[PDB]
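S.K.: Let me give you the structure first, and then I'll get to my questions.
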Amino acid sequence: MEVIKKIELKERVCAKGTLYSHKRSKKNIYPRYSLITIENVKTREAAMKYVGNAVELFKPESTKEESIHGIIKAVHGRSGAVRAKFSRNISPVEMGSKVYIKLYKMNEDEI
Amino acid sequence: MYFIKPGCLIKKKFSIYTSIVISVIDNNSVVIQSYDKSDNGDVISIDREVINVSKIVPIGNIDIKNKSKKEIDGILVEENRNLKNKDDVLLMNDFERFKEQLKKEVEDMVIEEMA
Amino acid sequence: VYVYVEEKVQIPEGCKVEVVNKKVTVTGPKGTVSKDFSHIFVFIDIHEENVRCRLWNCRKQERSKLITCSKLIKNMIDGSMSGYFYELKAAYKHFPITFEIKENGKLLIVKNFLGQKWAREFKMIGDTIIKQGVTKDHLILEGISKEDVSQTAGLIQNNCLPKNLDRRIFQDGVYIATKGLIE
Amino acid sequence: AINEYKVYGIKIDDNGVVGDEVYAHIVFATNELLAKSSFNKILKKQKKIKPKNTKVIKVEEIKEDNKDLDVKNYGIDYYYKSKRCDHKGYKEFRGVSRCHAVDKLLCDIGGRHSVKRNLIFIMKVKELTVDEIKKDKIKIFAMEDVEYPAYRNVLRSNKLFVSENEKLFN
Amino acid sequence: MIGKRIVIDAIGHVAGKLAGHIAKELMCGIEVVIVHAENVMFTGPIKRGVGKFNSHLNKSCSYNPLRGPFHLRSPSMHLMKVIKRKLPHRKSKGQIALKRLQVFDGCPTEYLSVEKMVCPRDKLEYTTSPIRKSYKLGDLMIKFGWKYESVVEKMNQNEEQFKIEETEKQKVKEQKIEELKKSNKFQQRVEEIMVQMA
Amino acid sequence: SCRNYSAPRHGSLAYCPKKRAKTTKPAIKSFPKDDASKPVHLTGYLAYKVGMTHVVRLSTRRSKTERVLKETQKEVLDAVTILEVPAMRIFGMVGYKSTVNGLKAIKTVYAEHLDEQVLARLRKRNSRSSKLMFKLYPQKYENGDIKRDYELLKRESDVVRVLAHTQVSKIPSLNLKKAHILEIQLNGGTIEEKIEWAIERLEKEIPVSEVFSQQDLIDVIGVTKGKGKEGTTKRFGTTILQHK
RNA sequence: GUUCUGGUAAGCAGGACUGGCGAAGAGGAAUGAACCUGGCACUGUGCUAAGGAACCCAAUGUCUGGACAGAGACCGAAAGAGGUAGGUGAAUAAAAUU
């Protein structure tokens, strides 16, 4: 079963993170950008080393497309969180989900 | 219990190396001589500083009833000579790390059969 | 703010004391007593044949608690070398009060107070025992713990007074006459 | 943080240097602009020269040495404005500089009397020996007779959750 | 992350401070189990706590009490309602989040073996001064009609038995293995397996 | 504005909402405190209401302070109710365990032979059955399942209760062919003693004389007479309004 | 907002000066015509204001003093004692005290 293999392949090679919010103020949301936390990264200086890296959301139960790709654009706040952009806008139903950080840089056009 | 008095040996918050108290100012502040090391190329530096007591942890005592700055630098470099920033497994190259891993992993396979 | 506060109590020849945490326990001729000081912020230890309390950098109302702690420890030591006593005396202008001791000195009954026909029953707290005095109107209480002894005596005194009568004409009662250490 | 400056200045009219006097003023302030402000304030109250007739010729910072961070005793004479009137007083402090002494007073009065730093005025700062000390507070620390243990616990790690069996504090 | 679980021992933590940290995790997809809810600590005298709770019982719906507030009387359920109101519970996202939480008085038998976490920033001895009073939630709730105190004392005695047995059972294996591995019979086979992997 | 004169409320709010009971047969829901200091005994029973009559009794009750010399004796007429109580038969037992959510049942164990009257409660319509109800259970006696069951009850239980049914066939006027079943608690002794006492008595008949005696005080639980839908004047006792 | 006249006053009646709402959206004071920031065609990337930074809810921590009242963060007078932190001026002193 290909899904079980594709997971183990990704698990061995990537860092792990979770999606927790869109970019927002107290009143309005900006769904083009999403906010991520990475496992053991806990300062803004530590987080700067990931700016530019590729990210992937893998979803095996999906009928349309099994994974969405994206890129980390900027650091956010002072405790090591980041801001990222994806080829499609993330649904509110997909918040709380697991994200993979891929250890190589890509250009803003590739996504 | 230890006491904060001239010659107490202290560590600072989230730090591995020892430092030493030189004078007591008030019921909450002290003057310390502080040791630290640049991981960029083993460059050490020792200097004096004023600090609040809520950032330090006592661990022991020495004399220094009378000494000069250059003497206490000597005391400090001896004291923390053995210590290190990080476990070597994270510093070495890939093949060396794997070689070290194998030893542990094989030893378990022996123990689980021998027990 | 006080820089340093210390208080000390000396352990006599026959006595033995231990400190587990903030519980302090005492043993000696008359028996054993213990008390827990976990509700006070203080440092207690035993050093060179003394019991020592200490604090640093404390407020005015914290040092009052340290001192109070030290006086309670002394009462425990004293009470262990000899117990304490309290003396009670019945007083009456017309109706003679009468007393019964029951349950080996653990229960006291009072009868005929101001001519009342119903009885009153009082129970002894902790180690305390009740005994007959020099004439029929006197009672004596004896025990190890100054707290337990004095609390018992107080409860008797506080209940055996007139109610809804003018106390400067009706002067009957049971009163605490004498208190001290036993010889 | 607080710094020490010394400001110099002269009078001018429709023409230059109208008096041959020069006036000086030592001040503790955070920056040069707060220093220059004080110079204007004192001139207008002790003399009657308003800014349009003044020129500042020099501003200098004053700095000590104290390479070994040696601890010294200082006495300070001050006043402050309350709701009632102006209140004078004297207090004693310990530190590694005159500025270290002065920053501790400003903090003290703000804590004890609810006053913003701009309503406090320093009159005199003097360095003292052990025989000179007047009030009770610092004398024990000056005579070198103090030790005490730690009351505050300190965290071992930056992690939010840790295993029950680990060591938690210091 | 969805699919992660965590077990928390509630003893010695200040109630309102732990609750904030827990609520953030529930919103990030973690499943949380709290154990020992009867040992959480509140600051101040118990006298003040009693008055704050009396003012709460007085609140009710004027025209129909079966709509009005429900006043819960178990330590587990009380701490549950403290966490509930630090989440967006009037909306679906909060209702999903709440169903990831379980709270127990004592420790149940299915959770004796599992390793347990703690939150150093919220422990009383870090976050408060020593010179002031405090009380436990188990001490307040007996005054407002909780009826299962004794059941929890019996549970607490089973835990102590399991702790001593497991520690005794561990220390023997530690001794056994450490004394074993110094032997030649062990150190020989290291070579015998390595001959076939070098 | 405040009302003109004071008066009490009409009816008690201790019984609101006043809804209809679910079925006609009551469970004893609360039992008196156990005491290990006494022998094993039962705490309840079932009865049927027959009717009323009156009696005359002698009495000598007066104030202790009444100064009258003579030992006065006086007749009093009193109304009384008669209840019929045929012996109940024991047919099983239940053990319970204490939890943070109250008492919960662990297991139930039944006698080897059960009566037609009790099996009739288990089906809905009496005259239409294949009667294959408990026919496979007796094997559990041969297999030792019963002996394993008693072990579990004896090992882990806080409260023990027996199951008993009533012999309806003795009271023909009821027109009833299904027995009534009640769960009754045992007080006195330890769990082991309680279980042994029960085991000795499965299938046997306990007379009412085991449970109660003359002059005893008892509590009676029942469902009242029905009266249909009714207005406020009768349901709560409110006054009738002005005639015009 | 700053000021004035009549009235015990009033979300009361009536004038003067400089900006508003009327005819003004957006972000902030939980909510509010008029208050704070600041004037609007339509898109994209960066930065700041006012106001925030345990959790609801995007971003939070540190240092030094006070304070124990179901207090305060939101909140009433003349009159006062008690507890505690500091200033100044009088004494006395065989630790200090008033």
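Residues are referred to by chain and number: the chain letter is A, B, ... according to the order shown in the structure tokens, the number counts from 1 in that chain, and ligands are numbered separately from 1 in the order shown.
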Near residue B:62, counting only C-alpha atoms (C1' of nucleotides), which residues have an atom at most 9 Å away, once you skip same-chain residues fewer than 5 positions from it, shown as a PyMOL selection string?
M.R.: chain B and resi 6-9
S.K.: Grab the residues selected above and save them as a PDB file, in the first residue's frame with C-alpha atoms.
M.R.:
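out-v3.pdb written:
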```pdb
ATOM      1  CA  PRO B   6      32.498  36.384  48.485  1.00  0.00           C
ATOM      2  CA  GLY B   7      33.870  33.170  47.005  1.00  0.00           C
ATOM      3  CA  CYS B   8      30.577  31.414  46.221  1.00  0.00           C
ATOM      4  CA  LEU B   9      30.555  29.496  42.896  1.00  0.00           C
TER       5      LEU B   9
END
```
S.K.: I'd like the contact shell of stretch 189-202 of chain F - 9 Å cut-off, only C-alpha atoms (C1' of nucleotides), skipping same-chain residues fewer than 4 positions apart - returned as a list in words.
M.R.: residues 34, 35, 36, 37, 38, 39, 40, 41, 89, 90, 91, 92, 93, 110, 111, 112, 150, 153, 154, 155, 157, 158, 159, 160, 161, 162 and 206 of chain F
S.K.: Can you write just those residues out, N, CA, C and O atoms, as an mmCIF file, in the first residue's frame?
M.R.:
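Once everything was written out, this is result-v2.cif:
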```
data_model
loop_
_atom_site.group_PDB
_atom_site.id
_atom_site.type_symbol
_atom_site.label_atom_id
_atom_site.label_comp_id
_atom_site.auth_asym_id
_atom_site.auth_seq_id
_atom_site.Cartn_x
_atom_site.Cartn_y
_atom_site.Cartn_z
ATOM 1 N N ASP F 34 -25.684 -0.182 56.607
ATOM 2 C CA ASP F 34 -25.154 -1.470 57.014
ATOM 3 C C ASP F 34 -24.403 -1.319 58.336
ATOM 4 O O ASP F 34 -23.911 -0.239 58.659
ATOM 5 N N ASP F 35 -24.326 -2.422 59.097
ATOM 6 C CA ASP F 35 -23.540 -2.487 60.319
ATOM 7 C C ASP F 35 -22.970 -3.897 60.480
ATOM 8 O O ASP F 35 -23.710 -4.853 60.705
ATOM 9 N N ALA F 36 -21.638 -3.998 60.402
ATOM 10 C CA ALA F 36 -20.950 -5.276 60.418
ATOM 11 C C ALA F 36 -21.091 -5.979 61.768
ATOM 12 O O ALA F 36 -20.742 -7.152 61.878
ATOM 13 N N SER F 37 -21.649 -5.288 62.767
ATOM 14 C CA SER F 37 -21.703 -5.777 64.138
ATOM 15 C C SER F 37 -22.872 -6.738 64.373
ATOM 16 O O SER F 37 -22.978 -7.309 65.458
ATOM 17 N N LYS F 38 -23.737 -6.921 63.367
ATOM 18 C CA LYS F 38 -24.971 -7.688 63.510
ATOM 19 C C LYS F 38 -25.005 -8.872 62.540
ATOM 20 O O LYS F 38 -24.269 -8.893 61.548
ATOM 21 N N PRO F 39 -25.881 -9.881 62.769
ATOM 22 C CA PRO F 39 -26.042 -11.002 61.839
ATOM 23 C C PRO F 39 -26.639 -10.607 60.493
ATOM 24 O O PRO F 39 -27.257 -9.548 60.360
ATOM 25 N N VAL F 40 -26.471 -11.486 59.500
ATOM 26 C CA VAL F 40 -26.965 -11.242 58.151
ATOM 27 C C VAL F 40 -28.490 -11.212 58.190
ATOM 28 O O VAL F 40 -29.105 -12.169 58.659
ATOM 29 N N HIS F 41 -29.090 -10.132 57.665
ATOM 30 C CA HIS F 41 -30.541 -10.036 57.556
ATOM 31 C C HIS F 41 -31.006 -9.264 56.319
ATOM 32 O O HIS F 41 -30.298 -8.391 55.820
ATOM 33 N N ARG F 89 -39.942 -16.130 47.052
ATOM 34 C CA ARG F 89 -38.959 -17.157 46.734
ATOM 35 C C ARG F 89 -37.692 -16.497 46.194
ATOM 36 O O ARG F 89 -37.783 -15.594 45.369
ATOM 37 N N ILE F 90 -36.515 -16.955 46.645
ATOM 38 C CA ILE F 90 -35.235 -16.397 46.218
ATOM 39 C C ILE F 90 -34.775 -17.123 44.958
ATOM 40 O O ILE F 90 -34.811 -18.349 44.923
ATOM 41 N N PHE F 91 -34.294 -16.376 43.948
ATOM 42 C CA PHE F 91 -33.936 -16.989 42.675
ATOM 43 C C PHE F 91 -32.598 -16.533 42.091
ATOM 44 O O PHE F 91 -32.165 -17.078 41.071
ATOM 45 N N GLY F 92 -31.931 -15.564 42.721
ATOM 46 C CA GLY F 92 -30.622 -15.151 42.233
ATOM 47 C C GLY F 92 -29.946 -14.120 43.131
ATOM 48 O O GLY F 92 -30.536 -13.740 44.137
ATOM 49 N N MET F 93 -28.747 -13.645 42.743
ATOM 50 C CA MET F 93 -28.082 -12.554 43.455
ATOM 51 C C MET F 93 -27.233 -11.671 42.537
ATOM 52 O O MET F 93 -26.798 -12.104 41.477
ATOM 53 N N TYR F 110 -27.988 -16.809 38.696
ATOM 54 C CA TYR F 110 -29.326 -17.360 38.862
ATOM 55 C C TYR F 110 -29.296 -18.820 39.291
ATOM 56 O O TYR F 110 -28.368 -19.555 38.971
ATOM 57 N N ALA F 111 -30.368 -19.234 39.972
ATOM 58 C CA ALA F 111 -30.600 -20.609 40.388
ATOM 59 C C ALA F 111 -30.708 -21.557 39.191
ATOM 60 O O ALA F 111 -31.047 -21.144 38.086
ATOM 61 N N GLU F 112 -30.480 -22.854 39.444
ATOM 62 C CA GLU F 112 -30.489 -23.868 38.399
ATOM 63 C C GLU F 112 -31.896 -24.109 37.860
ATOM 64 O O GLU F 112 -32.050 -24.272 36.652
ATOM 65 N N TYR F 150 -18.917 -17.007 41.456
ATOM 66 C CA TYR F 150 -18.939 -16.727 42.885
ATOM 67 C C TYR F 150 -17.604 -16.157 43.359
ATOM 68 O O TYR F 150 -17.592 -15.256 44.193
ATOM 69 N N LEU F 153 -17.479 -12.450 42.448
ATOM 70 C CA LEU F 153 -18.364 -11.677 43.306
ATOM 71 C C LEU F 153 -17.751 -11.495 44.682
ATOM 72 O O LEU F 153 -17.835 -10.411 45.245
ATOM 73 N N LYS F 154 -17.134 -12.556 45.199
ATOM 74 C CA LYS F 154 -16.538 -12.578 46.524
ATOM 75 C C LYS F 154 -15.263 -11.736 46.575
ATOM 76 O O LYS F 154 -14.972 -11.130 47.601
ATOM 77 N N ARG F 155 -14.525 -11.684 45.465
ATOM 78 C CA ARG F 155 -13.260 -10.975 45.363
ATOM 79 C C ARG F 155 -13.476 -9.466 45.293
ATOM 80 O O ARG F 155 -12.725 -8.732 45.930
ATOM 81 N N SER F 157 -16.471 -6.786 45.507
ATOM 82 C CA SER F 157 -17.802 -6.243 45.746
ATOM 83 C C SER F 157 -17.893 -5.499 47.076
ATOM 84 O O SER F 157 -17.207 -5.845 48.036
ATOM 85 N N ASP F 158 -18.766 -4.485 47.110
ATOM 86 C CA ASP F 158 -18.998 -3.627 48.260
ATOM 87 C C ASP F 158 -20.406 -3.822 48.831
ATOM 88 O O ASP F 158 -20.626 -3.574 50.012
ATOM 89 N N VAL F 159 -21.362 -4.239 47.989
ATOM 90 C CA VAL F 159 -22.767 -4.382 48.351
ATOM 91 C C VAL F 159 -23.332 -5.590 47.602
ATOM 92 O O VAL F 159 -23.067 -5.766 46.412
ATOM 93 N N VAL F 160 -24.142 -6.397 48.304
ATOM 94 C CA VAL F 160 -24.706 -7.637 47.791
ATOM 95 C C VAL F 160 -26.216 -7.611 48.000
ATOM 96 O O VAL F 160 -26.683 -7.221 49.068
ATOM 97 N N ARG F 161 -26.977 -8.029 46.978
ATOM 98 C CA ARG F 161 -28.433 -8.015 47.027
ATOM 99 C C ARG F 161 -28.984 -9.289 46.397
ATOM 100 O O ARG F 161 -28.412 -9.800 45.442
ATOM 101 N N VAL F 162 -30.105 -9.794 46.920
ATOM 102 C CA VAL F 162 -30.731 -10.994 46.389
ATOM 103 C C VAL F 162 -31.907 -10.607 45.498
ATOM 104 O O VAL F 162 -32.455 -9.517 45.619
ATOM 105 N N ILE F 206 -38.855 -17.640 51.854
ATOM 106 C CA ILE F 206 -38.649 -16.879 53.074
ATOM 107 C C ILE F 206 -39.990 -16.305 53.537
ATOM 108 O O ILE F 206 -40.596 -15.493 52.842
#
```
S.K.: Select residues of chain D: the criterion is any atom within 7 Å of an atom of chain E, counting only C-alpha atoms; output as a list in words.
M.R.: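 The complete set of qualifying residues is residues 153, 160, 161, 162, 163, 164 and 168 of chain D.
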S.K.: Pick out the chain D residues within 12 Å of chain B. Count only C-alpha atoms. Give them as an MDAnalysis selection string.
M.R.: chainID D and resid 66:73 93:97 100:101 104 137:159 169:170
S.K.: Would you list which chain D residues are within 10 Å of chain G using only C-alpha atoms (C1' of nucleotides), as a VMD selection string?
M.R.: chain D and resid 87 to 90 104 107 to 114
S.K.: Quick check for you: according to DSSP on this backbone, which residues of chain B are classed as helix (DSSP H, G or I)? Reply as a compact mmCIF listing (two decimals) with C-alpha atoms, in the first residue's frame.
M.R.:
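Listed below is the output, states.txt:
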```txt
# COMPACT_ATOMS: atom_id res chain seq x y z
CA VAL B 53 20.36 37.51 42.37
CA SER B 54 17.25 36.06 40.69
CA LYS B 55 19.32 34.93 37.66
CA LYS B 69 41.78 39.72 39.02
CA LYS B 70 44.44 37.78 37.09
CA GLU B 71 44.57 35.23 39.92
CA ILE B 72 40.83 34.58 39.86
CA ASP B 73 40.92 34.12 36.08
CA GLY B 74 43.35 31.28 36.84
CA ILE B 75 40.99 29.80 39.41
CA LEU B 76 38.16 29.87 36.88
CA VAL B 77 40.02 28.39 33.91
CA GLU B 78 41.05 25.42 36.06
CA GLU B 79 37.56 24.95 37.50
CA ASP B 88 30.20 15.15 20.74
CA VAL B 89 27.78 12.98 18.71
CA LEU B 90 26.21 16.19 17.33
CA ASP B 94 28.15 11.48 9.65
CA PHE B 95 30.20 8.27 9.33
CA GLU B 96 31.73 8.69 12.79
CA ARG B 97 28.25 9.22 14.29
CA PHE B 98 26.97 6.03 12.59
CA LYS B 99 29.97 4.05 13.87
CA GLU B 100 29.16 5.18 17.44
CA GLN B 101 25.45 4.32 16.97
CA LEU B 102 26.21 0.74 15.83
CA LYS B 103 28.05 -0.06 19.08
CA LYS B 104 24.99 0.74 21.22
CA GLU B 105 22.56 -0.95 18.83
CA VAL B 106 24.48 -4.25 18.60
CA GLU B 107 24.98 -4.36 22.40
CA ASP B 108 21.17 -4.39 22.83
CA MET B 109 20.78 -7.38 20.48
CA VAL B 110 23.28 -9.25 22.66
CA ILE B 111 21.60 -8.27 25.97
CA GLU B 112 18.09 -9.23 24.74
CA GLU B 113 19.38 -12.72 23.81
CA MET B 114 21.54 -13.14 26.95
```
S.K.: Set the distance at 9 Å and use only C-alpha atoms (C1' of nucleotides): which residues neighbour stretch 96-109 of chain A once local chain neighbours fewer than 2 positions away are removed? I'd like the list as a PyMOL selection string.
M.R.: (chain A and resi 10-11+13-21+36+38+50-58+70-71+73+93-94+111) or (chain E and resi 1-2+27-30)
S.K.: What separation in Å, quoted to one decimal, exists between atom CA of residue C:130 and atom CA of residue C:81?
M.R.: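 It comes out at 19.9 Å.
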S.K.: With a distance cut-off of 10 Å and only C-alpha atoms (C1' of nucleotides), select the neighbouring residues of residue C:70, excluding the residue or stretch itself and same-chain residues fewer than 3 positions from it, and output the selection as a compact mmCIF listing (two decimals) with N, CA, C and O atoms, in the first residue's frame.
M.R.:
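The resulting file, out_12.txt, is reproduced below:
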```txt
# COMPACT_ATOMS: atom_id res chain seq x y z
N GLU C 6 17.39 35.38 64.27
CA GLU C 6 17.70 34.06 64.82
C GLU C 6 17.12 33.93 66.22
O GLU C 6 17.16 34.88 67.00
N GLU C 7 16.59 32.74 66.54
CA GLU C 7 16.09 32.45 67.87
C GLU C 7 16.44 31.02 68.29
O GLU C 7 16.43 30.12 67.45
N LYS C 8 16.75 30.83 69.59
CA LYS C 8 17.37 29.61 70.11
C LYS C 8 16.75 29.16 71.43
O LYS C 8 16.41 29.99 72.28
N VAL C 9 16.63 27.84 71.61
CA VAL C 9 16.05 27.21 72.80
C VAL C 9 16.95 26.02 73.18
O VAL C 9 17.30 25.25 72.30
N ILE C 44 13.90 25.56 60.60
CA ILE C 44 14.11 24.97 61.92
C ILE C 44 15.14 23.85 61.80
O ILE C 44 15.05 23.03 60.89
N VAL C 51 17.72 24.13 69.75
CA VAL C 51 16.82 24.16 68.61
C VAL C 51 16.83 25.59 68.08
O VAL C 51 16.63 26.51 68.86
N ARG C 52 17.04 25.74 66.77
CA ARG C 52 17.36 27.02 66.16
C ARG C 52 16.37 27.34 65.04
O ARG C 52 16.19 26.53 64.13
N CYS C 53 15.77 28.53 65.11
CA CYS C 53 14.92 29.09 64.07
C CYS C 53 15.68 30.21 63.37
O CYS C 53 16.39 30.96 64.03
N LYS C 65 6.13 35.97 63.68
CA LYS C 65 5.74 34.59 63.58
C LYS C 65 6.89 33.68 63.99
O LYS C 65 6.66 32.65 64.63
N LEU C 66 8.13 34.07 63.66
CA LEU C 66 9.31 33.33 64.06
C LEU C 66 9.39 33.25 65.58
O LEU C 66 9.64 32.18 66.12
N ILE C 67 9.21 34.39 66.26
CA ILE C 67 9.32 34.48 67.70
C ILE C 67 8.23 33.62 68.35
O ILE C 67 8.53 32.86 69.27
N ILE C 73 7.76 26.09 71.13
CA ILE C 73 8.70 24.99 71.30
C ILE C 73 9.16 24.85 72.76
O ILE C 73 9.31 23.73 73.25
N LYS C 74 9.32 25.97 73.48
CA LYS C 74 9.78 25.93 74.85
C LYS C 74 8.74 25.30 75.77
O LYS C 74 9.08 24.52 76.66
N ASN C 75 7.47 25.61 75.53
CA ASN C 75 6.37 25.06 76.30
C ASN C 75 6.31 23.54 76.15
O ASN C 75 5.99 22.83 77.11
```
S.K.: Compute the set of chain E residues within 10 Å of chain G, using only C-alpha atoms (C1' of nucleotides), and express it as a CSV table (one decimal) with N, CA, C and O atoms, in the first residue's frame.
M.R.:
```csv
chain,number,residue,atom,x,y,z
E,16,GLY,N,-5.7,28.3,37.7
E,16,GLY,CA,-6.0,29.2,36.6
E,16,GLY,C,-4.8,29.4,35.6
E,16,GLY,O,-5.0,29.9,34.5
E,17,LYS,N,-3.6,29.0,36.0
E,17,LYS,CA,-2.4,29.1,35.2
E,17,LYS,C,-2.2,27.9,34.3
E,17,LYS,O,-1.9,28.0,33.1
E,18,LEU,N,-2.3,26.7,34.9
E,18,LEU,CA,-2.3,25.5,34.1
E,18,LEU,C,-3.4,25.4,33.0
E,18,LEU,O,-3.2,24.9,31.9
E,19,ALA,N,-4.6,26.0,33.3
E,19,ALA,CA,-5.7,25.9,32.5
E,19,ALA,C,-5.5,26.7,31.1
E,19,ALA,O,-5.9,26.2,30.1
E,20,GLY,N,-4.7,27.8,31.2
E,20,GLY,CA,-4.4,28.6,30.0
E,20,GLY,C,-3.5,27.8,29.1
E,20,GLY,O,-3.6,27.9,27.9
E,21,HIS,N,-2.5,27.1,29.6
E,21,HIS,CA,-1.5,26.3,28.9
E,21,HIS,C,-2.2,25.1,28.2
E,21,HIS,O,-1.9,24.8,27.1
E,22,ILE,N,-3.1,24.4,28.9
E,22,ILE,CA,-3.8,23.3,28.5
E,22,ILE,C,-4.7,23.7,27.3
E,22,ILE,O,-4.8,23.0,26.3
E,23,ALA,N,-5.4,24.8,27.4
E,23,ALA,CA,-6.4,25.2,26.4
E,23,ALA,C,-5.8,25.5,25.1
E,23,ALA,O,-6.4,25.2,24.0
E,24,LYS,N,-4.5,26.0,25.1
E,24,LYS,CA,-3.8,26.2,23.8
E,24,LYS,C,-3.5,25.0,23.1
E,24,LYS,O,-3.6,24.9,21.8
E,44,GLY,N,-4.7,32.2,48.5
E,44,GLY,CA,-5.5,33.0,49.4
E,44,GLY,C,-6.2,32.0,50.5
E,44,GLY,O,-6.1,30.8,50.3
E,45,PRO,N,-6.8,32.6,51.6
E,45,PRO,CA,-7.5,31.7,52.5
E,45,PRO,C,-8.8,31.1,51.9
E,45,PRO,O,-9.4,31.6,51.0
E,46,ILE,N,-9.2,29.9,52.6
E,46,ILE,CA,-10.3,29.2,52.1
E,46,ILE,C,-11.6,30.0,52.3
E,46,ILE,O,-12.6,29.8,51.6
E,47,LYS,N,-11.6,30.9,53.3
E,47,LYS,CA,-12.7,31.7,53.7
E,47,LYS,C,-13.3,32.5,52.5
E,47,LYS,O,-14.5,32.7,52.4
E,48,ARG,N,-12.3,33.1,51.7
E,48,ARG,CA,-12.7,33.9,50.5
E,48,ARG,C,-13.3,33.0,49.4
E,48,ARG,O,-14.3,33.4,48.7
E,49,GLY,N,-12.7,31.8,49.2
E,49,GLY,CA,-13.2,30.8,48.3
E,49,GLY,C,-14.7,30.4,48.5
E,49,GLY,O,-15.4,30.2,47.6
E,50,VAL,N,-15.0,30.2,49.8
E,50,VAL,CA,-16.4,29.9,50.2
E,50,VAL,C,-17.4,30.9,49.8
E,50,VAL,O,-18.4,30.6,49.3
E,51,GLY,N,-17.0,32.2,50.0
E,51,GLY,CA,-17.9,33.3,49.6
E,51,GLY,C,-18.1,33.5,48.1
E,51,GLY,O,-19.2,33.8,47.7
E,52,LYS,N,-17.0,33.3,47.3
E,52,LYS,CA,-17.1,33.3,45.9
E,52,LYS,C,-18.0,32.2,45.4
E,52,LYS,O,-18.7,32.3,44.4
E,53,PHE,N,-18.0,31.0,46.1
E,53,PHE,CA,-18.8,29.9,45.7
E,53,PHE,C,-20.3,30.1,46.1
E,53,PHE,O,-21.2,29.7,45.4
E,54,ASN,N,-20.5,30.8,47.2
E,54,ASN,CA,-21.9,31.1,47.7
E,54,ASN,C,-22.6,32.0,46.7
E,54,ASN,O,-23.8,31.9,46.4
E,55,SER,N,-21.9,33.0,46.2
E,55,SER,CA,-22.4,34.0,45.2
E,55,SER,C,-22.8,33.3,43.9
E,55,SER,O,-23.6,33.9,43.2
E,83,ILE,N,-11.5,25.2,32.2
E,83,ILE,CA,-10.9,25.1,30.9
E,83,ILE,C,-11.9,25.5,29.8
E,83,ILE,O,-11.5,26.1,28.9
E,84,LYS,N,-13.2,25.1,30.0
E,84,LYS,CA,-14.2,25.3,29.0
E,84,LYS,C,-14.3,26.7,28.6
E,84,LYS,O,-14.4,27.0,27.4
E,85,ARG,N,-14.2,27.7,29.5
E,85,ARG,CA,-14.5,29.1,29.3
E,85,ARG,C,-13.2,29.8,28.8
E,85,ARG,O,-13.2,31.1,28.7
E,86,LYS,N,-12.1,29.1,28.6
E,86,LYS,CA,-10.9,29.7,28.0
E,86,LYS,C,-10.8,29.2,26.5
E,86,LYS,O,-9.8,29.4,25.9
E,87,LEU,N,-11.9,28.6,26.0
E,87,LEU,CA,-12.0,28.1,24.6
E,87,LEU,C,-13.2,28.8,24.0
E,87,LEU,O,-14.2,29.3,24.6
E,88,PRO,N,-13.3,28.9,22.6
E,88,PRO,CA,-14.5,29.4,21.9
E,88,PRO,C,-15.7,28.5,21.8
E,88,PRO,O,-16.1,28.1,20.7
E,89,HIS,N,-16.4,28.2,22.9
E,89,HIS,CA,-17.3,27.1,23.0
E,89,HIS,C,-18.6,27.3,22.4
E,89,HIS,O,-19.4,26.4,22.2
E,132,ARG,N,2.4,33.5,52.0
E,132,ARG,CA,0.9,33.6,51.9
E,132,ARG,C,0.2,32.3,51.7
E,132,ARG,O,0.8,31.3,51.3
```
S.K.: Can you tell me, as a PyMOL selection string, which residues in stretch 71-188 of chain F count as strand (DSSP E) by DSSP?
M.R.: chain F and resi 74-84+88-99+102-110+159-166+181-187
S.K.: Please provide the set of residues having any atom within 10 Å of stretch 211-219 of chain F, restricted to only C-alpha atoms (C1' of nucleotides), with same-chain residues fewer than 4 positions apart removed, written as a list in words.
M.R.: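 Selected residues are residues 41, 42, 43, 44, 45, 206 and 207 of chain F.
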S.K.: Which residues, written as a ChimeraX atom specification, have at least one atom at most 12 Å from residue E:108, with only C-alpha atoms (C1' of nucleotides) counted and residues fewer than 5 positions away on the same chain left out?
M.R.: /E:33-36,102-103,113-114,151-152,154-156,158-159 /F:99-100
S.K.: Excluding stretch 116-130 of chain F and any residue of its chain fewer than 2 positions from it, enumerate the residues within 8 Å of it, using only C-alpha atoms (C1' of nucleotides), and give them as a ChimeraX atom specification.
M.R.: /F:114,132-133,165,167-169,177-181
